[PDB]
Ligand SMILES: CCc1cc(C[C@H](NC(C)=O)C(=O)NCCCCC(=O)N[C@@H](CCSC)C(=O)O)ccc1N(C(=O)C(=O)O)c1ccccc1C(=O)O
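As a starting point, one isolated chain is supplied in structure tokens, in the form deposited without the named molecule.
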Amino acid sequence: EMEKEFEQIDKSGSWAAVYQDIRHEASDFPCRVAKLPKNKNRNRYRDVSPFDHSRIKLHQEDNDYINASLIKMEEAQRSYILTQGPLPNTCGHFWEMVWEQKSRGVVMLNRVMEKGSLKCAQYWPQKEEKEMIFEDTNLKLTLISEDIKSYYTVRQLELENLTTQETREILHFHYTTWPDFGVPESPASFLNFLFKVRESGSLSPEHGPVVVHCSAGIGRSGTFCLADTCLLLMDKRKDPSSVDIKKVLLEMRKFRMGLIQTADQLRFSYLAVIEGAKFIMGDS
């Protein structure tokens, strides 16, 4: 059982030790496309790269590279794209990926400025009347509406493929209160955020995989996917205490390196899942 395991690690203060076992056992696959010199400026961080086997490919012919990985959770029937926060020069690639992969939601878990540095380009419009045009990928993006809440903001966006003149509606879920340092004191607002994403239909299989990102696409982004998949497996399985968070994390790390960047984040993910188990083991 998982609450038990949490108690044992916390009383022992051995989160750092558990976290290292995961690092040592984590997969390593080649990242050759990402390290090509032609792609050095498509990567925000030199030590965070997509494996070649799970990388998302753009349908461009000159350069198909974007720092983005497809995570396929086959038992849970969930797929996610994890990516870095766009760079000033990759905003057009980012929306091209969203278009090509038929995604319906974008989950953003960082602020554009954190700790006094820029963690992400401003890649969506801020006013209805000032749309954005990505000339390189021939896409137009318009803010349709914006619902600001205390812990998160939901935006409706219209993405128009200027070449074909087709349009789709994208939902942008922006969690705005992740603290600059550490992790949230309680998982309550995180879980409420996660269930709003679920309720929107963005995680469902009639759509392309949801795009999740922070700054590197591995820390907070990993916490989000890990919690969603764990909670889904608890629904599906005959034995809900047969779900091992550590096993699930290692399976996801076959698809992108480094998911969950700190022992604090690991602790927090346990907390989110354990608390979330209450509201899906039958609390209407």
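We number the residues from 1 along the sequence you see.
A.B. asks: For the C-alpha atoms alone, is the average B factor greater in 38 to 46 or in 233 to 241, going by the entry?
C.D. replies: Higher of the two, by average CA B-factor, is 233 to 241.
A.B. asks: Using only the Cα atoms and their B-factors as the entry lists them, report which of 132 to 140 and 171 to 179 averages higher.
C.D. replies: On average, C-alpha B-factors are higher across 132 to 140.
A.B. asks: From 166, 158, 114, 146, which pick has the Cα B-factor that tops the rest in the entry?
C.D. replies: Comparing C-alpha B-factors across 166, 158, 114, 146, the top value belongs to 166.
A.B. asks: Thinking about Cα B factors across the chain, which third does residue 61 belong to?
C.D. replies: Highest third.
A.B. asks: Lowest, middle or highest third of the chain for the C-alpha temperature factor of residue 196?
C.D. replies: Residue 196: CA B-factor falls in the lowest third of its chain.
A.B. asks: Quick one: classify residue 107 as lowest, middle or highest third of the chain based on its Cα B-factor.
C.D. replies: It belongs to the lowest third of the chain when residues are ordered by C-alpha B-factor.
A.B. asks: Comparing against every modelled residue in the chain, figure out the third that the C-alpha B-factor of residue 162 lands in (lowest, middle or highest).
C.D. replies: It belongs to the highest third of the chain when residues are ordered by C-alpha B-factor.
A.B. asks: Using the B-factor values recorded in the entry, state whether the Cα atom of residue 247 falls in the lowest, middle or highest third among the modelled residues of its chain.
C.D. replies: CA B-factor rank for residue 247: middle third.
Unshown form solved in complex with the named molecule; subsequent notes refer to it.
A.B. asks: Taking the named molecule as it sits in the deposited complex, is residue 257 in contact with it (heavy atom to heavy atom, 4.5 Å or less)?
C.D. replies: Residue 257: contacts the named molecule in the deposited complex.
A.B. asks: Just checking whether residue 48 would be counted as a contact of the named molecule in the deposited complex - the rule being heavy atoms within 4.5 angstroms.
C.D. replies: Answer yes; at least one heavy atom of residue 48 falls within 4.5 Å of the named molecule in the deposited complex.
A.B. asks: Residue 107 near the named molecule in the deposited complex, any heavy atom under 4.5 Å?
C.D. replies: So residue 107 does not count as contacting the named molecule.
A.B. asks: Contact with the named molecule in the deposited complex for residue 215, defined as at least one heavy atom pair within 4.5 Å: yes or no?
C.D. replies: Although the named molecule is absent here, residue 215 would touch it in the deposited complex, with heavy atoms inside 4.5 Å.
A.B. asks: Scan 130 to 159 and note down the residues that get a heavy atom within 4.5 Å of the named molecule in the deposited complex; none is a fine answer too.
C.D. replies: Contacting residues: none.
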